[PDB]
4 protein chains.
Amino acid sequence: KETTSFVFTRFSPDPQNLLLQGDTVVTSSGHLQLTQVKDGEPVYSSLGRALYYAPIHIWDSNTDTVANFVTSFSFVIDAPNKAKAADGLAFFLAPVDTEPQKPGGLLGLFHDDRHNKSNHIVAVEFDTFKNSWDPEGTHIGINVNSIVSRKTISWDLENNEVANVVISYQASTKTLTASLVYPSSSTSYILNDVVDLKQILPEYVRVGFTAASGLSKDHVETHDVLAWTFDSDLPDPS
Amino acid sequence: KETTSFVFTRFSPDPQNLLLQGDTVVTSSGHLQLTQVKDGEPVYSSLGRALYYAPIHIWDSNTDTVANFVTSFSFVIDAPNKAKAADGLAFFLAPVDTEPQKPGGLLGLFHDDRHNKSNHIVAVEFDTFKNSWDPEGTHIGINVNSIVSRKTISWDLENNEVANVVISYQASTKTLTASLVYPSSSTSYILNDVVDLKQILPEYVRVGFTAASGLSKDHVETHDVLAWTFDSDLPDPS
Amino acid sequence: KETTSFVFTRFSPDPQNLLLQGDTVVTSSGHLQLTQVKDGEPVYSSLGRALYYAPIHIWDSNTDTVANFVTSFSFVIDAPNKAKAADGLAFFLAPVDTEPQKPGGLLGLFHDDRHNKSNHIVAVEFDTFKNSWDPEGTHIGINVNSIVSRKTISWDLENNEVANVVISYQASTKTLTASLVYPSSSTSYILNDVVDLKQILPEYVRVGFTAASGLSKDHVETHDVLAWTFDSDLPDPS
Amino acid sequence: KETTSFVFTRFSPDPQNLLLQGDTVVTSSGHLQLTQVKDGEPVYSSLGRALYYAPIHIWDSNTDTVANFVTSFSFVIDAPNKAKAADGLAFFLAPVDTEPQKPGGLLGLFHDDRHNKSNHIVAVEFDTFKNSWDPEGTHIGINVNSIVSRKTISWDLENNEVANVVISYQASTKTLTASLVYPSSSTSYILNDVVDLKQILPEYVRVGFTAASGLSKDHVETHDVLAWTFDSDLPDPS
Ligand SMILES: *[C@@H]1O[C@H](CO)[C@@H](O[C@@H]2O[C@H](CO)[C@@H](O[C@@H]3O[C@H](CO[C@H]4O[C@H](CO)[C@@H](O)[C@H](O)[C@@H]4O)[C@@H](O)[C@H](O[C@H]4O[C@H](CO)[C@@H](O)[C@H](O)[C@@H]4O)[C@@H]3O[C@@H]3OC[C@@H](O)[C@H](O)[C@H]3O)[C@H](O)[C@H]2NC(C)=O)[C@H](O[C@@H]2O[C@@H](C)[C@@H](O)[C@@H](O)[C@@H]2O)[C@H]1NC(C)=O
Ligand SMILES: CC(=O)N[C@H]1[C@H](Oc2ccc([N+](=O)[O-])cc2)O[C@H](CO)[C@@H](O[C@@H]2O[C@H](CO)[C@H](O)[C@H](O)[C@H]2NC(C)=O)[C@@H]1O
Ligand SMILES: CC(=O)N[C@H]1[C@H](Oc2ccc([N+](=O)[O-])cc2)O[C@H](CO)[C@@H](O[C@@H]2O[C@H](CO)[C@H](O)[C@H](O)[C@H]2NC(C)=O)[C@@H]1O
Ligand SMILES: CC(=O)N[C@H]1[C@H](Oc2ccc([N+](=O)[O-])cc2)O[C@H](CO)[C@@H](O[C@@H]2O[C@H](CO)[C@H](O)[C@H](O)[C@H]2NC(C)=O)[C@@H]1O
Ligand SMILES: CC(=O)N[C@H]1[C@H](Oc2ccc([N+](=O)[O-])cc2)O[C@H](CO)[C@@H](O[C@@H]2O[C@H](CO)[C@H](O)[C@H](O)[C@H]2NC(C)=O)[C@@H]1O
Ligand SMILES: *[C@@H]1O[C@H](CO)[C@@H](O)[C@H](O[C@@H]2O[C@@H](C)[C@@H](O)[C@@H](O)[C@@H]2O)[C@H]1NC(C)=O
Ligand SMILES: *[C@@H]1O[C@H](CO)[C@@H](O)[C@H](O[C@@H]2O[C@@H](C)[C@@H](O)[C@@H](O)[C@@H]2O)[C@H]1NC(C)=O
Ligand SMILES: *[C@@H]1O[C@H](CO)[C@@H](O)[C@H](O)[C@H]1NC(C)=O
Ligand SMILES: [Ca+2]
Ligand SMILES: [Ca+2]
Ligand SMILES: [Ca+2]
Ligand SMILES: [Ca+2]
Ligand SMILES: [Mn+2]
Ligand SMILES: [Mn+2]
Ligand SMILES: [Mn+2]
Ligand SMILES: [Mn+2]
């Protein structure tokens, strides 16, 4: 049996147990600022990611076991003009050597808009801009190897409000669940779908966040993570 | 700082750390069977509750602190005729000396359909029967001092399937969140509302379950709890 | 699988999840004061106990499993005259309906100085007074069904200093381990013994503390518990 | 607040969340085999280490906080000739970029036998060979920036038996405690000392094990870790 766990109720400068990629910085208020801010205003065409440094053991070919996990986090998206919000934030699992891909609507996760099994990506996206592959309206999506979500639900961005997210995986039912709550308005969202992690992901992955601002100057927003917990449990064989 | 925590992944036949009230028994399969079953069939006019034996310290007048908590459980409701399902199941917090109240649509929680501040009850209900005070259709409700829910959402019963529930309280925002997921159908439900526990509940409470079958012979269903975890954390001041 | 857990980093007045027996009170400084204090001075012939309210499931006859547990606590003993210290403090496990027994050197645990299997008591004692059944000098003891310890080690009371205790049970090896550290002086003590909990204790027990001051006026000391954590884990059958 | 936690009840082949250094391999029985074994016999002049991949945040200059931690592990040392056992095993904390140093009695931890503040090492050693700087007999030591222990206690190797170790740090008292239990013989050991982590170690460290066999062919032994848990908690200020 193996478990991994971590908690950040806020973030420190130079977090050596996080791998920061692209534009990500830690703010003086202790937030993970994934996309760039300049003179209090979000900057366009910005992309940042942040991964926990240790690989997570998500399944084991030796014992044919698959891990459960649960992650919680708080985030804020602040768009000066909510009608022009872009592009969004995602929580993801990827190969250990994962590097940032294309900006904008591809969210730093994918190189193009196609499905490719060699991506080995599972993600939950909080998508603020309708691209050609998207459903109508802002939405939460479960993504497997593609920016084109397996499943989505409508989600209304509450501009500059704290969102509390929980994402969990139950290996026994192969179900990934994602919920988002805005305590300020008592509004809440949830979806779940079948995702077989053993078939999608390598045995070890890195986990974390990615976010991108829009590719035109008036389609901008901030993407800040305020807090993050993660717990995984790879059980003993049957 | 004070914390309380417990886990049951199944139940043992004479659970001395649970206070069983009314008809509740533990089955040979290790389930908490809240309402009576006879020869594999649910019995009408049955009421059962089950509380954790230890009081939970949910707020402290000495330090003006309020606890967070999170509880998870799995339950099954099996109605032979889904159109005649009644009456439902609830998770609740109540005074330490709480005793079962009226059966049927009052769910063992209340003596009538009014809103009495001296009840000191907070509950999340899974309501299978439309009473005169209910919204149309089966629903999940957040209840404060009344069977008339403060907030409800529609919920479609998946008959005889395992439902996974999480209920959490965030003291800082005074918000109670409840979610239900059916992994078998990939359906999920969530709601949240403002509930100020310090104003509603005494400093110590008991926590647990209640359920009731219908008050006519053809309006019956089982209410079984399969597993239950609970964690509370009363922080230090500031 | 079943687990039980709790933490107190200090104690609140009227702790409704503790069963206080005999003279025990909670002080305004947040200590569990097991033996009586009057005008800042310890009172003789005082006996107090404190138990966690919920029974702990320590073994299960249905699945033939036995729990592991670990408890930690901090305590202070203050004797105005260290040469006349009496009688000491113990951590114990006992039947759920346990009531205080004889004061003084029997520590509220036993009715007499004999071994009796029907006591169903396991205790770790911090013994400050040499009774006729004791080894020479102040000592820590592991007791099973008798005030006459199975195993003891010498322990020098550091008067009015905080002692940090850890007591753990490993079911797989049937070993009970007890350690005490005084961080102020970097002095530490440890002992362990084979104790088969399934043979000694009922399936459910209560856990807690007991302490007694001496039965003559000049043989007195305080016994305060400052903090307490407990965790038990009853595994699934293998 | 920041926490890090992990559990291994056994080790899998190719553990990508461990940094293996020198001779370390994972065996088919799931053990961390720190020093080399050839045809069932320990090899001399062997050195191996194993570190958890993620840096641990042990103190924070921004908030002036210092972490508590607790680690538990099980290990086995098997010496074909117990009188010629060498050299031993240590648990340690070191800078994130730590690399194996000299073999033999320096345990892979140090380049020489001197005290040097720039080592930034805290270790608990299980020392099976008397070097010129050692006390008489096999011993457990607390080491700070030197192979010459700050404090030691006698320890008798129980050859090829499982030792259960717990090492904990209490920031409030700046005390490190280490205990070792052999459940097979009901033998136990403990020591503690003042170690100020903020003054010794960098803000982030790696944690893990090191072990070395003797530098002559007849002074050999195996060093296997069977299981390992670690938990750290860096609190909020105040
Ligand atoms: C809004 O919620 C409020 C809080 O629940 C309600 O107030 C409570 O209502 C209780 C009844 O439902 C009531 O308790 C009863 O007290 C009776 C006698 O009290 C005196 O005498 C005692 C000795 O007998 C003495 O020690 C006391 O100090 C009192 O001076 C007692 O006879 C009742 O017991 C009989 O009936 C119950 C069934 O309800 C049986 O369980 C019992 O065997 C017996 O046959 C009853 O006692 C309670 O019995 C169960 C036991 O576990 C409890 O510990 C015991 O208290 C209670 O006093 C009040 N509480 C307060 C703070 O007022 C309120 O109800 C209405 O208003 C009250 C004032 C009263 O008029 C009720 O009849 C009303 O229904 C709720 N309001 C509304 C509109 O619903
Ligand atoms: C027209 C313009 O000003 N900017 C548009 C930009 O145009 C140019 C013009 C010249 C050159 N060039 O290399 O010379 C390159 C790009 O082409 C971008 C790629 O199609 C538009 O990107 C879209 O921007 C949107 C916000 O407006 C969202 O961020 C949306 O997700 C994003 N689309 C994707 C697929 O990421 C972007 O709006
Ligand atoms: C057979 C029948 O019709 N039984 C019905 C019963 O009727 C009578 C008729 C005359 C008298 N009287 O002596 O004045 C007493 C009872 O009145 C009960 C109170 O309204 C009905 O209770 C309801 O039963 C439903 C299922 O049928 C649900 O369980 C529902 O939640 C429950 N209602 C409540 C408020 O709990 C019950 O169905
Ligand atoms: C005033 C006095 O002499 N009291 C003494 C008392 O005496 C009597 C006198 C008459 C009768 N009787 O059966 O009538 C019974 C007892 O006999 C006790 C022995 O049974 C002394 O108890 C011991 O006191 C010591 C401190 O002085 C320690 O507290 C010690 O642990 C304690 N011993 C025990 C076993 O609890 C107790 O001091
Ligand atoms: C085969 C033999 O006798 N080798 C011995 C070796 O001898 C020589 C002699 C001359 C030269 N030279 O540079 O010419 C090189 C090696 O000197 C080593 C340094 O003192 C002995 O190392 C000690 O070996 C012991 C077990 O025998 C323990 O492992 C002990 O911890 C270890 N000492 C240290 C400080 O690591 C080592 O035993
Ligand atoms: C062993 O302990 C139990 C309770 O812990 C006592 O009740 C026993 O007392 C003896 O048995 C009881 C039932 C009663 O008959 C009494 O007179 C006996 O002394 C006790 N056994 C002994 C031998 O002291
Ligand atoms: C303490 O350890 C460091 C880290 O390897 C050594 O470099 C130090 O050596 C001293 O400083 C170096 C730069 C060099 O000047 C050398 O001559 C010094 O000895 C070491 N310090 C000591 C005193 O041994
Ligand atoms: C999928 O990804 C691989 C690796 O980047 C690439 O070489 C391949 O051509 C992609 N598309 C396929 C197989 O259709
Ligand atoms: Ca999009
Ligand atoms: Ca109803
Ligand atoms: Ca004594
Ligand atoms: Ca040595
Ligand atoms: Mn999308
Ligand atoms: Mn309802
Ligand atoms: Mn004694
Ligand atoms: Mn040494």
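Throughout what follows, the structure given in this document is the object of discussion.

**Observations regarding the side chain of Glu125 of chain A**
Residues and elements named next belong to chain A.
Inference 1: Take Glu125: it is sitting in strand β13 (residues 122–127).
Inference 2: Here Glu125 occupies a buried position and makes no salt bridge, while the nearest side chain of opposite charge, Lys130, is found at 11 Å.
Inference 3: Not counting chain neighbours up to four residues away, the residues in contact with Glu125 comprise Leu89, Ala90, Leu107, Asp134, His139, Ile140, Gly141, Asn143, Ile147 and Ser149.

**Digging into the relation of the copies chain A and chain D**
Inference 1: For the pair chain A and chain D, the relating rotation is 179 degrees, the translation along its axis is 0.1 Å, and the fit reaches an RMSD of 0.1 Å. When the rotation and shift are considered jointly, the pair of chain copies conforms to a two-fold rotation axis.
Inference 2: Of the interface residues in chain A, 100% have counterparts in chain D that sit at the interface too, so the contact is made through matching surfaces.

**Some details on the interface of chain B and chain A**
Inference 1: Contact with chain B, which involves 19 residues of that partner, is made by 17 residues of chain A.
Inference 2: On the chain B side of the interface with chain A, the three residues burying the most area are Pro183, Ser186 and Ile190 of chain B, jointly 42% of the side's total.
Inference 3: Counting every contact that joins chain B to chain A gives zero salt bridges.
Inference 4: In this assembly, chain B and chain A are joined by five residue pairs in polar contact.

**Describing the coordination of the calcium ion (ligand 9)**
Residue and element names in this part refer to chain A.
Inference 1: The protein atoms donating to the calcium ion (ligand 9) are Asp127 (OD), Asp127 (OD), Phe129 (O), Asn131 (OD1) and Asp134 (OD), with metal-donor distances spanning 2.3 to 2.5 Å.
Inference 2: Within one chain, the residues donating to the calcium ion (ligand 9) are spaced in sequence as D-x1-F-x1-N-x2-D.
Inference 3: A gap of 4.2 Å separates the calcium ion (ligand 9) and the manganese ion (ligand 13), which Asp127 links by coordinating each metal.
Inference 4: What makes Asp127 buried here is its relative accessible area of 1%.
Inference 5: Under the relative-accessibility criterion, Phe129 is labelled partly exposed at 29%.

**A word on the pattern of salt bridges**
All names here are of chain B.
Inference 1: Within this structure, the stated rule accounts for 16 salt bridges over all chains.
Inference 2: The closest approach of N and O atoms between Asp218 and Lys84, which form a salt bridge, is 3.2 Å. Of this pair, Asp218 sits in the loop between β19 (204–213) and β20 (222–234) while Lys84 is found in the loop between β11 (68–78) and β12 (87–95), placing the two residues 134 residues apart along the sequence.
Inference 3: Here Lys84 falls in the partly exposed class, since its relative accessible area comes to 29%.

**Focus on the site of ligand 2**
All names here are of chain A.
Inference 1: Residues in contact with ligand 2, as listed here, are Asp87, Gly104, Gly105, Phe129, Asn131, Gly214, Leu215, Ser216 and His219.
Inference 2: At 2.9 Å, a side-chain N or O of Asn131 approaches an oxygen atom of ligand 2.
Inference 3: With respect to ligand 2, the side chain of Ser216 contributes an N or O atom lying 2.7 Å from an oxygen atom.
Inference 4: Across the complex, the protein chains shield 39% of the 730 Å² of accessible surface that ligand 2 would expose by itself.
Inference 5: For the shell around ligand 2, the per-class residue count stands at two nonpolar, six polar and one charged.

**A few points about the interface of chain A and chain D**
Inference 1: Taken together, the contact between chain A and chain D spans 27 residues of the former and 27 residues of the latter.
Inference 2: Note on chain A versus chain D: buried area summed over both sides is about 2,200 Å², and carbon and sulfur give 47% of it.
Inference 3: Broken down residue by residue, the surface that chain A buries against chain D is led by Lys1, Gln16 and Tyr204 of chain A, which jointly contribute 22%.
Inference 4: Applying the counting rule to chain A against chain D returns eight residue pairs in polar contact.
Inference 5: Elements that contribute at least two residues to the side of chain A that touches chain D include exactly β1 (2–8) and β19 (204–213) of chain A.
Inference 6: Among the elements that line the side of chain A that touches chain D, the one with the most residues is β1 of chain A, at seven residues.
Inference 7: In the side of chain A that touches chain D, the residues fall into eleven nonpolar, nine polar and seven charged.

Cut-offs used in this document
Residues numbered from 1 in each chain as written, not as in the entry; some residues may be left out. Chains lettered and ligands numbered in written order. Heavy atoms only, no water. Helix = DSSP H or I, 4+ residues; strand = E, 2+ residues; numbered from the N terminus. Buried < 20%, exposed > 50% of the residue type's maximum accessible area, 1.4 Å probe, protein only. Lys, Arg positive; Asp, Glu negative; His and termini not counted. Salt bridge = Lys/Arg side-chain N within 4 Å of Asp/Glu carboxyl O. Contact = heavy atoms within 4.5 Å. Least-squares fit on C-alpha atoms. Buried area = accessible area lost by both parts, 1.4 Å probe. Polar contact = N/O pair within 3.5 Å; in protein donor to acceptor, adjacent residues only side chain to side chain. Donors = N, O, S within 2.8 Å, 3.2 Å for Na, K, Ca; no water. Near = heavy atom within 4 Å. Areas by Shrake-Rupley, 256 points an atom, 1.4 Å probe, with all protein chains shown as cover. Nonpolar A, V, L, I, M, F, W, Y, C, P; charged D, E, K, R; others polar.

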